[PDB]
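Only one chain comes next, encoded as structure tokens, the form deposited in one PDB entry.
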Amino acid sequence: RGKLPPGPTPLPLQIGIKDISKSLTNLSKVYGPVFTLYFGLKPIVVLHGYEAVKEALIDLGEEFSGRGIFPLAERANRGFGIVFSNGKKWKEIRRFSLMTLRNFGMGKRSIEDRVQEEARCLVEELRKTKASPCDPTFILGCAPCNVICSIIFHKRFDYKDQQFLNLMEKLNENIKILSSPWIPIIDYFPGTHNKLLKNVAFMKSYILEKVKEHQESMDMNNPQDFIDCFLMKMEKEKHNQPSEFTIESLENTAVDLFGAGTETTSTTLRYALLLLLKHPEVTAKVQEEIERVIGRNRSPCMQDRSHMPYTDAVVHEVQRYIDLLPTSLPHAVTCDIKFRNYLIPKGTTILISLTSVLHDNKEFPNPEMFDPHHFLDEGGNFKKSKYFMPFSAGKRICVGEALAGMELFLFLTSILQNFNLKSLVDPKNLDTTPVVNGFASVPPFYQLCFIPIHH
């Protein structure tokens, strides 16, 4: 009925996501680009290398647009948003969320304005540290979180506001839980399931109390944020009930946008500053480019990027090198599909190696080294690549691709516009090797001085 590709015998100290990814690369040398892992009776089809990922995710987009069971299916039911939803529900909410994130039916304030406002608020907070040793984990975490708050409810927060400090606490708790290594099964069961369920319930309740406030000023001609645009769609999809657009779907989608829209961006920014300390020649050329194209006078904008090939290469190189999410999120085939010499049955888990694409030894000669020239042709021009898949590929490609692109470019140019980067430790012996983590390539702990600008 369904002939899955060949793989090893079933059943395969701490095993982090990078350890998982390295083992997957080892098995691909033995079995080829496409192989099955069997976990007793439960199969997982692994896709290694660009050709296999491209053939499945892009060439057979609809067939590979399903979402896998990733950890444990929480009864709080997170399958009503984007990240964990499937079928018609996913198709509609994803479409709706994409267009809202592309400034459609969200008022006249652009996404860029919000990111630029936060870029200014992020610079002011870094000035407060008065050029003394700082762990940027907190400050870099507040900026992407505040961008999402602004998009969902049209309200940003002060870095000392308790309402903000509570949201971030629940988020950071959920990240710590999610980031637990493995040992066949995940490490984290001495009551961590209930805390996850509790934290998600708190975030949902908080979004729900904001949803009421918006229902007071309900107006068809004045949407100003995500809650308004969704309520307006809910009102437009009544009498055509039932709809995928409900109060609980709005709630889950909002939690999804909060979770996904904070940590990935926050971790990338933290890892970008670490690589800039370790590579002082690279930082100098970036600061040189900002001078000649933007200066110290005005705030950066997305229009500057096309005029800054070297800085664009650094942004892309940070994301290619760090390989933030080595296996993306699990996929599933939506129906029975013929993939090369195999027949994969409906609902079969599909695991994609993003490491195998981002660290391709032919597309990126010496992929293990940090080098902006991986995104530069032989003449020094920006060289875009089909292998740039940090946001994954196909129908499930990160809905926050454009936003995270804006945040990285705008927040990093603004930091390098108003500050020099001073490392406490000599960059020659400064550690960059990522810490063992269950879902992401997270950077090791470091400290730095944010010194106001000088030539």
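Position 1 is the first residue in the sequence shown; the rest follow in order. Between two forms, the rigid core is defined as the largest C-alpha subset superposing within 1.5 Å.
If you look for the form deposited in another entry, you will not find it shown, but the lines that follow are about it.
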Have a look at 288, 74, 209, 377 and give me the residue whose C-alpha moves 2 Å or more between this form and the one not shown, with the fit done on the rigid core. 74
Core-aligned C-alpha movement of residue 189 between this form and the one not shown reaching 2 Å: yes
Given that the shift is 3 Å or more, do the Cα atoms of residue 436 and residue 70 end up closer or farther apart in the other entry than in this form? farther
Cα-Cα trend for residue 7 and residue 339, given that in the other entry the distance shifts by 3 Å or more: farther
